[PDB]
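Trainee: Next up is a structure, given as structure tokens.
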Amino acid sequence: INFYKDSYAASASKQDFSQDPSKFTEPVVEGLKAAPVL
Amino acid sequence: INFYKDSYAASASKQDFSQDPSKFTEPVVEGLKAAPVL
Amino acid sequence: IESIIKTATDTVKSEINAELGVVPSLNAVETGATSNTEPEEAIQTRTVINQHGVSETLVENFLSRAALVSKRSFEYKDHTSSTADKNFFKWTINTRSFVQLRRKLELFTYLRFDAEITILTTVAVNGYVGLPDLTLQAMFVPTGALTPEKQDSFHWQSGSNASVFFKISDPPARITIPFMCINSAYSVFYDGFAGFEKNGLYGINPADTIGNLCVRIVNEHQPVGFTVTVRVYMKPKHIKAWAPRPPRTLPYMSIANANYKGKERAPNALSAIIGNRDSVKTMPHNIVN
Amino acid sequence: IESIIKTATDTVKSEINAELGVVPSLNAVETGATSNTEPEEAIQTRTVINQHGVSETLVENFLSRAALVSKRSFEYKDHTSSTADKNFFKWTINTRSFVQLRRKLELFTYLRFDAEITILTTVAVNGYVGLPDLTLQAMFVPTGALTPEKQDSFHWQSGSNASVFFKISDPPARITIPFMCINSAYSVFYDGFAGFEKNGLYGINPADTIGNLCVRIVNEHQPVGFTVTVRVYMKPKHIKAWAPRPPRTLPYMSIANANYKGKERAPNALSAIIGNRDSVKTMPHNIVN
Amino acid sequence: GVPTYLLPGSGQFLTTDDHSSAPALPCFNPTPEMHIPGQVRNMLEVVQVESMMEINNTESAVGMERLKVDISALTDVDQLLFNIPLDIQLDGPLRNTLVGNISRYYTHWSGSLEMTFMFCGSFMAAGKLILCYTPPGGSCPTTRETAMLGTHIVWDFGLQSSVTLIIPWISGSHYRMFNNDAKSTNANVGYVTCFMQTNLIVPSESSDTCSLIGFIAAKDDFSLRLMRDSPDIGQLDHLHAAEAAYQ
Amino acid sequence: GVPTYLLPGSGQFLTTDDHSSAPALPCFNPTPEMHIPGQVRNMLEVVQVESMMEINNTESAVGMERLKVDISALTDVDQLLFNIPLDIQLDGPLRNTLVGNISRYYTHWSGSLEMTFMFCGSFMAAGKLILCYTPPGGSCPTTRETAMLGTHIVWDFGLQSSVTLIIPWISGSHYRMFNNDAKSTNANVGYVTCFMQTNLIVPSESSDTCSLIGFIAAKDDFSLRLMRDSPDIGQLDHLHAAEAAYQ
Amino acid sequence: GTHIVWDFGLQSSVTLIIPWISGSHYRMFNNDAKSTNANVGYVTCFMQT
Amino acid sequence: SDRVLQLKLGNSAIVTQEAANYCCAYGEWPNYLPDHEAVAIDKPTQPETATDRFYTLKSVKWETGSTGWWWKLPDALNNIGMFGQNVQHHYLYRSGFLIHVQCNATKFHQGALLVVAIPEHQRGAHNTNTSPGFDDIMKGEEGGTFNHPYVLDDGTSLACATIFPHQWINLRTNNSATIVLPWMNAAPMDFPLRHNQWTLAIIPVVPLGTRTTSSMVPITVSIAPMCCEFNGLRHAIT
Amino acid sequence: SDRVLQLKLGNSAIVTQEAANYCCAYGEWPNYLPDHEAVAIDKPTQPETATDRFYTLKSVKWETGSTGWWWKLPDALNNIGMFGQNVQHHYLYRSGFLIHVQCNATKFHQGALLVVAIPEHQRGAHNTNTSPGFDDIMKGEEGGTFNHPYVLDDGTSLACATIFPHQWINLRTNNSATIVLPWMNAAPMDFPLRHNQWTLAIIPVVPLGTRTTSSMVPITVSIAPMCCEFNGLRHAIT
């Protein structure tokens, strides 16, 4: 329920389930063969 | 009426009329011929 | 066999039976089965189209009742020289303290439910000026986590804890706590010990404790003192129940265990649950005309 | 690779491995990558269909909590001969004063969010007659703009400023402030100086300050004095968060900087964050039976 | 906005209310349901299980002795052995049963009952009993020639150790009431009596006294109505360690 | 108008509520979103990053010295080098980790962990270690012949400087709890121990003492539950210059 | 070990199977009874009730 | 044709010719833990015939003033055979149980025994505020004795204990009771040394009686674990 | 084949034969400012090879009691070459950075260096309420030294600094660390002389050790700005 004219007035948006943990866990460009990395 | 984002917030669920009293009244596997059981 | 039952079963008419080999009134209790003798097989019956509903004995209806679970009276005053709940209390949430709800839940071994919590607050002037419309904070703190130790403590800033602010004037505060056990059901009874050593508590799985309810008055103390009583009501909902149990017969002693003593005499004594009659041939409320 | 994750990952069964050339438990930490060793590759596993949700650790859920950001107590009385908040206060809005919200926001370098502001107001009689239902004005004044200097000042006419009038009796006042940074995100930390000279503040980009909250009591003073406490709660929403950070470990000192001292001893001391045990071979809570 | 008006009832807290309410833990994921044996979805499943009557609710009967009825060889014919009041609401042999305890959470009840009696004498013990249900209106029958004008079963002790006396739903009204007045026409169910039909006849080497255990269950035509606090539990004080929940 | 009634809950301020509310700045146009590197949308992305354990949490260990474990050549076989408590909730080597700090904002947790150990001796240093995870129930193993009955990895120091000991989610319940009772059956994870498998064997010209750095991360099977205030931060006073926000 | 619990009843008899339980294909009838290629083990009867 | 029964598990077998149609608790049968209910990710050990076999406990003497006997599961079995060894070497276990209770007497004896499997039989103590300790609850193979079987040592009632999975040994009718128990727990697996899912209770509702020359009448409990799984291998606790 | 690496930018090139698979910060690569994100309307100057090239800083000596070193970007480069000249003559700049850190030693040496790029490393001061001043923060080409590297000079923790883009120089394993940084700012461009987007931190987590005869072991930082843009041309600030 949101009867306001400004969109930022809406309730919280808790449906963004997209994740990309590899920008934190694997920030190399050689994707490591799961085999030695070195 | 339920305008909440979490499903456990709903009102009580009073429509489950399924019963299986034989798991309490007849917990044998030989269904007893209604004839002597023994 | 599982089926949908909305009304009590009908009766079919039956006639005279005189058949060798067929004794439907005889049974064998030793098998553990309840007798399957129908009234049609025991007496000569009529046809009855039974329209009696069964919905009030649904487990959801039987347990979705708001029941009192906590009642704390505390003084609302200046507490510089008291020894006692100094404008706030902590309550380790349990279902064991009020015996009407406790006995109903202890009809079952396992319960899965959400808990609708309702908080009624009342105020009395200490022994008149009027009743103040105080603001209260009920903060849900998980079991064993850090609870506030002062009315004015910075723990009440509640950065991640759920807190509900509510008046005395307004309709009681109400929130729903989800089913939060680490298991798929609460253990109503627990035949075990909570720790890996042997000093731990018997009967208490802490996996089944909701949390701590930390309730303060937000207001600074008034010049006069008040006594504030907070009542907490729990209503289970979306209930699943497993493995029914013999009802509690003797009076409860502790919230920590199933310990028993019984009353001094019947009824609900240790040696005699049902009150006595003079003999097995004595009809206690016999109609005499 | 970006994907939609609603539940924690399943486990596949695995068997015996004895292969030359393949060492999935060996890694190279030096590359900066976290180990990619799966449990299937380290031990012999079963098949687990994991149904555990991940939604409570969504950044929106983790930060859309109403947290206390401001708590001002001021006297409501005749102020002809006081030196102090004379029936009103100004508050330069910040997220730095209450450490539960501050540490959560400081898990991130950049935050973009709207701010739902909730204003709780409570009154106490000075050290009884009853609590008055006073009307308050909370006026949003931008950063550095002209704030009122009197309770009765003509600045409160609020010709373009957003003002909210609200009672003590009514449900707290609530408005939403939009994401109002001149940048696409707030800088939670700012490795820089706000001015073009060198006397300016380190760490404080004023682009990330919401504004001034100017709160008065609208009522003329009563013949007796009251102490009024105003609590402000902020809940971020529609949150985007970038570049996570090591959590704050030492106690905060100032709202103006990241300055640190640490506690006197472990835990959370400068030389020792984790509390000590006797040796690296000492198991601190060892089960002994 | 919407023009609205509040009505009688606004802001009341009804303990039986049924509403959605504010979830305190947003995005909480409850633990996934696991199959557990023995789910109960209607309490009438519990009342259909037979459970022991305390027929020997007498002084000089201690503990488990109250759950069995001793039967002895007699030297007079047609004798009364025991009777059983059918008053669930006041204290009798039916109260601490599965059907008794659950029903006392309700005020109104309907439907047939069944009494099952297991003879627990020796293999060598023989006998016949007559188990009589008398619909209400008169005094409880004390002679065998009066009692079996009513509903009855003649039981032969044999390989089958048990019989069932059905107590058929025999009532002018759709429901009976669990009120305290046991002699009420909307309450009283009548009587169950057991007489010797022949005699308990045993060996010199069998025990000359044998035991019956009585069970009661509801049938699946049984219904309960008007939920109420059970008079089987109460407290006048706080329980022990209830204060430690605040400390 | 519309007949309405207010319910329990009306006018309460729940800090976890989720509602639209009145925009204070009508027609405000927020600044357009710019791509910023490193967006985080679920905090479980943060716990999967490995971070340093403080295994050497001892007196006489100062600052960064606490983040490494010194390993020396021994003259007895099969020796214990260090153990690591797996208690996140109380204070141990896991608390000030990425997985540790974020998890302490929650009460319940599930899923596998991984410990990564980087050997930081010289190129010329050789050795083998055994890294053992013991499921809970008993005392922490102190001899090598007891510990490797559990889950373990034998690590050879080589070109790859690191191994991973997976701590598999080994639990009767779906979740464990971050309660203060570390010996609880719903809390205790068991133990991680490191033994010499062979020996640290080095040059006369290499350092005779070498260092391990231990890391921990969660795997992507990890989940957290029941959000709570973190016990890692607190104030008893106002912070400095907090009053100047009112002046 | 391998066992049968016998109730005395209408059937007056039970059978305890001694299953061929041996590392080798055959056992030997040699005089050394304690030999690993000879010894079959033991049959014992206890009261159950 | 339901009086005679043979139960074959592993190398163990039991015959009776006076059974009375065995109880399957709540109409369930023991199964292994399926993948959609599992939690522990390690591959479990399923010893099958090494552990899923009848173990006979110490018999107890049925006498005139006996109050009853109880055994807690898996506690009664945690030191017996390869079951006990798997229990000691693993953090987690899961099993069902096949319980067979034996008591014969003459055709001139009388007596009724309530043989009931009680899930989560949390015991109360009598006439004190102090909870039962470890030694009160954990009796091992010997089991315990009812203090007040009329209230099942927990302030409830014997008379309503037929709500639980049960059979009767009525000495006139049968000489054995058989109860098949599924896994009965809130969690899919459990630590065997600190929790007891089931309590076998055997209660004299009608006491032993005869006017023959007396014999010792013992009651014998044979218990087969069923579908044993074990997770979390380590050293033995002992 | 990820141990050897050549980096060619402009007239500059760097070879190493003991790399360990370079870090691209948050999986990003430096780019020029696109039209749909731009703010400043003047046509920017993009000097490319004149500025996007490796600049080597002054090497620092790694010793036994070293606490660590930090350099702030673009501050360390704001007086160097044509980058420094473009910075001085323009109000606005934007760039990424390619950081290469070099430290070799013998096969008998040990030591671990945490080489981490910290975005918005707002420094705290120790044991005072006074914020760090201009001279504390803005060290230029020389950079600074960690006071308390265990808390990263900001009351957080070294132990959790691996959340930032980082590599390690473990002297047994590799002799070089490479980190590619994108533009990391709330604004698309920024004034270079008053704000530092990135802080390169190099921290001795395992100290230098050998029992060989000692050598000076220096640590050398080469930094290439990447995709340099400059807006708002005027006279030089100097």
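The chains in the structure tokens are called A, B, ... from first to last as shown; in each chain the residues are counted from 1, and the ligands are counted from 1 in the order shown.
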Determine which residues of chain E sit within 9 Å of chain B, taking into account only C-alpha atoms, and present them as a PyMOL selection string.

Mentor: chain E and resi 18-28+30+38-42+44-46+48-50+159-160

Trainee: Please list as a compact mmCIF listing (two decimals) with C-alpha atoms, in the first residue's frame every residue within 7 Å of residue 77 of chain C, counting only C-alpha atoms and excluding residues in the same chain fewer than 2 positions away.

Mentor:
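Dumped everything to out-v8.txt:
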# COMPACT_ATOMS: atom_id res chain seq x y z
CA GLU C 75 7.18 0.40 40.14
CA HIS C 79 14.76 4.44 41.74
CA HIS C 221 10.20 9.13 36.12
CA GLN C 222 7.40 11.41 37.30
CA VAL C 224 5.10 10.58 42.13
CA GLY C 225 5.35 6.84 41.84
CA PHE C 226 3.15 4.54 39.81

Trainee: Take chain I, lay it over chain H with a least-squares fit on all the Cα atoms in order, then hand it over as a CSV table (one decimal) with C-alpha atoms, in the first residue's frame.

Mentor:
chain,number,residue,atom,x,y,z
I,1,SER,CA,-2.5,-66.2,12.0
I,2,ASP,CA,-1.7,-63.1,13.9
I,3,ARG,CA,-0.8,-65.1,17.0
I,4,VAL,CA,2.4,-66.4,15.5
I,5,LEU,CA,5.2,-64.1,14.4
I,6,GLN,CA,8.8,-64.4,13.3
I,7,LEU,CA,11.0,-61.3,13.3
I,8,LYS,CA,14.3,-61.7,11.4
I,9,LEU,CA,16.9,-58.9,11.6
I,10,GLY,CA,20.5,-59.4,10.7
I,11,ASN,CA,21.8,-62.6,12.4
I,12,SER,CA,18.9,-62.4,14.9
I,13,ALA,CA,15.5,-64.0,14.9
I,14,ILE,CA,12.6,-64.2,17.3
I,15,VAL,CA,9.7,-66.5,17.1
I,16,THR,CA,6.5,-66.3,19.2
I,17,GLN,CA,3.3,-68.3,19.0
I,18,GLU,CA,1.3,-66.1,21.3
I,19,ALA,CA,1.6,-62.6,19.7
I,20,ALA,CA,-1.3,-60.2,19.2
I,21,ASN,CA,-0.8,-58.2,16.0
I,22,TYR,CA,2.2,-56.0,16.4
I,23,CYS,CA,2.0,-52.2,16.8
I,24,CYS,CA,3.5,-49.9,14.1
I,25,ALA,CA,3.8,-46.6,16.0
I,26,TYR,CA,1.5,-43.9,14.5
I,27,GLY,CA,1.1,-46.2,11.5
I,28,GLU,CA,4.8,-45.5,10.5
I,29,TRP,CA,7.7,-47.7,9.5
I,30,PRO,CA,11.4,-46.8,10.1
I,31,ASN,CA,13.2,-45.4,7.1
I,32,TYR,CA,16.6,-43.9,6.3
I,33,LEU,CA,16.9,-40.2,6.3
I,34,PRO,CA,15.9,-38.9,2.8
I,35,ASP,CA,17.9,-36.3,1.0
I,36,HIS,CA,15.2,-33.6,1.2
I,37,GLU,CA,15.3,-33.8,5.0
I,38,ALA,CA,19.0,-34.2,5.6
I,39,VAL,CA,21.2,-31.6,7.4
I,40,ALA,CA,24.6,-33.1,8.1
I,41,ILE,CA,26.4,-33.1,4.8
I,42,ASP,CA,29.0,-35.9,5.4
I,43,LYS,CA,28.2,-39.3,4.0
I,44,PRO,CA,26.6,-41.3,6.8
I,45,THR,CA,27.6,-44.8,7.7
I,46,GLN,CA,24.8,-47.3,7.5
I,47,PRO,CA,26.1,-50.5,9.2
I,48,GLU,CA,22.8,-52.4,8.5
I,49,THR,CA,23.2,-56.0,9.9
I,50,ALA,CA,26.0,-55.0,12.2
I,51,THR,CA,23.7,-52.7,14.1
I,52,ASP,CA,20.1,-53.4,12.9
I,53,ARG,CA,19.6,-56.6,14.9
I,54,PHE,CA,17.9,-57.7,18.1
I,55,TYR,CA,19.7,-56.9,21.3
I,56,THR,CA,18.3,-58.6,24.4
I,57,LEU,CA,18.4,-56.6,27.6
I,58,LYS,CA,18.8,-58.0,31.2
I,59,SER,CA,15.5,-59.5,32.2
I,60,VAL,CA,13.6,-58.1,35.2
I,61,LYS,CA,11.7,-60.1,37.8
I,62,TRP,CA,7.9,-59.6,37.9
I,63,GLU,CA,6.8,-59.8,41.5
I,64,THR,CA,3.7,-58.9,43.5
I,65,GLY,CA,4.7,-55.4,44.4
I,66,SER,CA,6.4,-54.4,41.2
I,67,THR,CA,5.7,-50.9,40.1
I,68,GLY,CA,7.0,-51.2,36.5
I,69,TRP,CA,10.1,-50.8,34.5
I,70,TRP,CA,11.4,-48.3,32.0
I,71,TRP,CA,14.3,-48.2,29.5
I,72,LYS,CA,15.3,-45.1,27.6
I,73,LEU,CA,16.4,-45.3,23.9
I,74,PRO,CA,19.0,-45.1,22.6
I,75,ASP,CA,20.5,-44.9,26.1
I,76,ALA,CA,19.9,-48.6,26.9
I,77,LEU,CA,21.7,-49.6,23.8
I,78,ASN,CA,24.5,-47.1,23.7
I,79,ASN,CA,27.1,-49.6,25.2
I,80,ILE,CA,25.9,-52.7,23.3
I,81,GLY,CA,27.6,-54.3,20.3
I,82,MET,CA,28.4,-52.5,17.1
I,83,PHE,CA,25.4,-50.1,17.8
I,84,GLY,CA,27.2,-48.9,20.9
I,85,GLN,CA,30.5,-48.7,19.1
I,86,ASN,CA,28.9,-46.6,16.3
I,87,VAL,CA,27.2,-44.4,18.9
I,88,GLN,CA,30.5,-43.8,20.7
I,89,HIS,CA,32.4,-42.9,17.5
I,90,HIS,CA,29.8,-40.6,15.9
I,91,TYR,CA,28.4,-37.3,17.0
I,92,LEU,CA,25.1,-38.0,15.3
I,93,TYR,CA,22.8,-41.0,15.0
I,94,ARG,CA,19.4,-41.8,13.7
I,95,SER,CA,17.4,-45.0,13.9
I,96,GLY,CA,14.0,-46.6,14.5
I,97,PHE,CA,13.5,-49.4,16.9
I,98,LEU,CA,11.8,-52.8,16.9
I,99,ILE,CA,10.8,-53.6,20.5
I,100,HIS,CA,9.8,-57.1,21.5
I,101,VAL,CA,8.8,-57.8,25.1
I,102,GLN,CA,8.5,-61.3,26.3
I,103,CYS,CA,6.6,-62.6,29.4
I,104,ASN,CA,5.2,-66.1,29.7
I,105,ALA,CA,3.5,-67.8,32.6
I,106,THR,CA,1.1,-70.7,33.1
I,107,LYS,CA,-2.5,-70.9,32.1
I,108,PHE,CA,-3.2,-70.6,35.9
I,109,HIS,CA,-1.4,-67.3,36.1
I,110,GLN,CA,-3.1,-63.9,35.6
I,111,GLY,CA,-1.6,-60.5,35.0
I,112,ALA,CA,-1.7,-57.6,32.6
I,113,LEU,CA,1.3,-55.6,31.5
I,114,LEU,CA,1.0,-52.3,29.7
I,115,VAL,CA,3.9,-52.2,27.2
I,116,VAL,CA,4.0,-48.6,26.0
I,117,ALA,CA,6.6,-46.7,24.0
I,118,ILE,CA,6.6,-43.1,25.2
I,119,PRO,CA,8.2,-40.4,23.0
I,120,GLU,CA,10.0,-37.7,24.9
I,121,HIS,CA,9.3,-39.2,28.3
I,122,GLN,CA,10.5,-36.2,30.3
I,123,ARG,CA,10.5,-37.5,33.9
I,124,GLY,CA,9.4,-35.5,36.9
I,125,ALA,CA,10.6,-36.0,40.4
I,126,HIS,CA,8.2,-36.5,43.3
I,127,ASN,CA,7.7,-33.9,46.1
I,128,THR,CA,10.5,-31.5,45.2
I,129,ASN,CA,11.3,-28.4,43.1
I,130,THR,CA,14.6,-29.9,42.0
I,131,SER,CA,14.7,-31.4,38.4
I,132,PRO,CA,15.8,-35.0,38.0
I,133,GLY,CA,19.6,-35.2,37.6
I,134,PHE,CA,21.7,-37.1,35.1
I,135,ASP,CA,21.9,-40.3,37.1
I,136,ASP,CA,18.1,-40.4,37.7
I,137,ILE,CA,17.5,-40.3,33.9
I,138,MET,CA,20.4,-42.1,32.3
I,139,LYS,CA,20.2,-45.7,33.6
I,140,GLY,CA,21.8,-47.4,30.6
I,141,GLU,CA,21.0,-51.1,29.8
I,142,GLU,CA,19.6,-51.7,33.3
I,143,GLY,CA,16.9,-49.2,32.9
I,144,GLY,CA,14.8,-47.8,35.8
I,145,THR,CA,11.7,-48.5,37.8
I,146,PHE,CA,8.6,-46.4,38.1
I,147,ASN,CA,8.2,-44.4,41.3
I,148,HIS,CA,4.6,-43.6,40.6
I,149,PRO,CA,3.4,-45.5,37.6
I,150,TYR,CA,-0.2,-44.3,38.2
I,151,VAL,CA,1.0,-40.8,37.1
I,152,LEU,CA,3.8,-42.2,34.8
I,153,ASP,CA,6.4,-40.3,37.0
I,154,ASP,CA,5.4,-37.0,35.3
I,155,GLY,CA,2.2,-35.8,36.9
I,156,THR,CA,0.0,-37.1,34.0
I,157,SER,CA,-1.8,-40.5,34.1
I,158,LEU,CA,-1.2,-44.1,33.3
I,159,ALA,CA,-4.9,-44.3,32.4
I,160,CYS,CA,-4.4,-42.1,29.4
I,161,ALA,CA,-1.1,-43.7,28.3
I,162,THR,CA,-2.8,-45.7,25.6
I,163,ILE,CA,-2.6,-42.5,23.5
I,164,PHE,CA,1.0,-43.6,23.0
I,165,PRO,CA,2.1,-46.6,20.8
I,166,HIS,CA,1.4,-49.6,23.0
I,167,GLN,CA,0.4,-53.2,23.4
I,168,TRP,CA,-0.7,-55.3,26.3
I,169,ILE,CA,0.6,-58.6,27.6
I,170,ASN,CA,-2.5,-60.2,29.1
I,171,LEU,CA,-1.1,-63.5,30.4
I,172,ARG,CA,-4.4,-65.3,29.6
I,173,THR,CA,-4.2,-64.1,26.0
I,174,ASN,CA,-0.6,-63.4,24.8
I,175,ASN,CA,3.0,-63.9,25.9
I,176,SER,CA,4.6,-61.1,23.8
I,177,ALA,CA,4.3,-57.5,22.7
I,178,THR,CA,5.8,-56.0,19.6
I,179,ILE,CA,6.2,-52.3,18.9
I,180,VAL,CA,7.8,-50.9,15.8
I,181,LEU,CA,9.1,-47.3,16.3
I,182,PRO,CA,10.0,-44.8,13.7
I,183,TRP,CA,12.5,-42.0,14.2
I,184,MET,CA,10.6,-39.6,16.5
I,185,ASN,CA,12.4,-36.3,16.9
I,186,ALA,CA,12.2,-32.6,16.1
I,187,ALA,CA,15.6,-32.8,14.4
I,188,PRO,CA,16.5,-35.3,11.7
I,189,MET,CA,19.4,-36.6,13.6
I,190,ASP,CA,20.5,-36.2,17.2
I,191,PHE,CA,23.4,-36.6,19.6
I,192,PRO,CA,22.8,-40.1,21.2
I,193,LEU,CA,24.4,-39.5,24.6
I,194,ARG,CA,22.3,-36.5,25.7
I,195,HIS,CA,18.8,-37.1,24.4
I,196,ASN,CA,16.3,-40.0,24.5
I,197,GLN,CA,13.7,-40.1,21.8
I,198,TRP,CA,11.7,-43.1,23.2
I,199,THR,CA,11.0,-44.6,26.6
I,200,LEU,CA,9.8,-48.2,26.7
I,201,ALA,CA,7.6,-48.5,29.7
I,202,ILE,CA,6.3,-51.8,31.0
I,203,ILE,CA,3.7,-51.4,33.8
I,204,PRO,CA,1.9,-54.0,35.9
I,205,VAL,CA,-1.7,-52.8,35.5
I,206,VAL,CA,-3.1,-56.1,36.8
I,207,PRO,CA,-0.5,-57.7,39.1
I,208,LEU,CA,0.8,-61.3,38.8
I,209,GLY,CA,-1.4,-63.8,40.5
I,210,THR,CA,-1.7,-67.5,40.8
I,211,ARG,CA,-2.5,-70.2,43.4
I,212,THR,CA,0.0,-72.6,41.8
I,213,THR,CA,3.4,-73.1,43.3
I,214,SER,CA,5.3,-70.0,42.3
I,215,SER,CA,7.9,-69.6,39.7
I,216,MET,CA,10.1,-66.7,38.8
I,217,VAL,CA,8.2,-64.9,36.0
I,218,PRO,CA,10.7,-62.7,34.3
I,219,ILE,CA,10.1,-60.0,31.6
I,220,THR,CA,12.6,-59.9,28.8
I,221,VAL,CA,13.1,-56.9,26.5
I,222,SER,CA,14.6,-57.4,23.0
I,223,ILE,CA,15.3,-54.3,21.0
I,224,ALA,CA,16.4,-54.1,17.4
I,225,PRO,CA,17.5,-50.7,16.1
I,226,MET,CA,16.3,-50.2,12.6
I,227,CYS,CA,17.7,-48.1,9.7
I,228,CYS,CA,20.7,-47.0,11.7
I,229,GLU,CA,22.6,-44.0,10.3
I,230,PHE,CA,25.6,-42.3,11.9
I,231,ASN,CA,27.2,-39.0,11.1
I,232,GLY,CA,30.1,-37.0,12.4
I,233,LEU,CA,32.9,-39.6,12.8
I,234,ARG,CA,35.6,-38.9,15.4
I,235,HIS,CA,37.3,-40.7,18.4
I,236,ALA,CA,35.2,-42.6,20.9
I,237,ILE,CA,33.7,-40.8,23.9
I,238,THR,CA,33.5,-43.8,26.3

Trainee: Could you give me, as an MDAnalysis selection string, each residue of segment 12-243 of chain E that DSSP assigns to strand (DSSP E or B) when run on this structure's backbone?

Mentor: chainID E and resid 22:23 39:40 42 51:52 58 69:72 80:85 106:110 113:119 126 128:134 151:156 162:167 176:177 191:196 201 209:218 223:227 240

Trainee: Report, in Å with one decimal, the straight-line distance from atom CA of residue 93 of chain D to atom CA of residue 81 of chain D.

Mentor: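 Here the two named atoms are 28.8 Å from each other.
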